[PDB]
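Peer 1: Sequence first, structure after; it's an experimental one.
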Amino acid sequence: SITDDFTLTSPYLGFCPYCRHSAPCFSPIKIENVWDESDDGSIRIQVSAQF
Amino acid sequence: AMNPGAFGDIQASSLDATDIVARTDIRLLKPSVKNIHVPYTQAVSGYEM
């Protein structure tokens, strides 16, 4: 049951080891995974904020 | 028969099959920082190798 009803889903604060101030913090934007298997160089980034 | 860090590290009968088996060496570690996360060390993906 894959949905597109994004109105009832929520962005979250992620915890990541590198920040603006070069120390781990809780950022609204947090890279969970990065996928790089396209043949042109495009990468897919999963971020903790809804875009 | 599933060696870690080499070919056949994760296996299944089909791509969409829910019977997925693997023996990649995942080791979960005690968190050394006063936050929440799951620190883990894993063997390199044997498909990539």
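Peer 2: That came through, no problem. Numbering: from 1, shown residues only, chains lettered A, B, ... in the order given.
Peer 1: From now on I want contacts and neighbour counts done on CA atoms only, so please keep to that.
Peer 2: Noted.
Peer 1: packing partners for whatever helix or strand residue A:33 lives in?
Peer 2: In this structure, residue A:33 is located in strand A:31-35 according to DSSP states H and E. Helices and strands touching strand A:31-35, as assessed by 3 or more C-alpha pairs under 8 Å, 6 or more residues apart in numbering or on different chains; DSSP states H and E, comprise strand A:44-47.
Peer 1: picking that back up, could you list the paired strands of the strand holding residue A:33 along with their orientation?
Peer 2: Here strand A:31-35 is paired, per DSSP bridges, with strand A:44-47 (antiparallel).
Peer 1: Please compute how far the partner strand lies from its chain's middle.
Peer 2: Computed by C-alpha atoms, centre = their mean, to the nearest Å, the chain-centroid distance of strand A:44-47 equals 5 Å.
Peer 1: residue ranges of the strands in the chain, please?
Peer 2: I'll assume chain A. For chain A, the strands defined by DSSP state E cover A:14-16, A:25-27, A:31-35, A:44-47.
Peer 1: look at chain B instead
Peer 2: Along chain B, the segments classed as strands by DSSP E run B:10-12, B:20-22, B:26-28, B:40-42.
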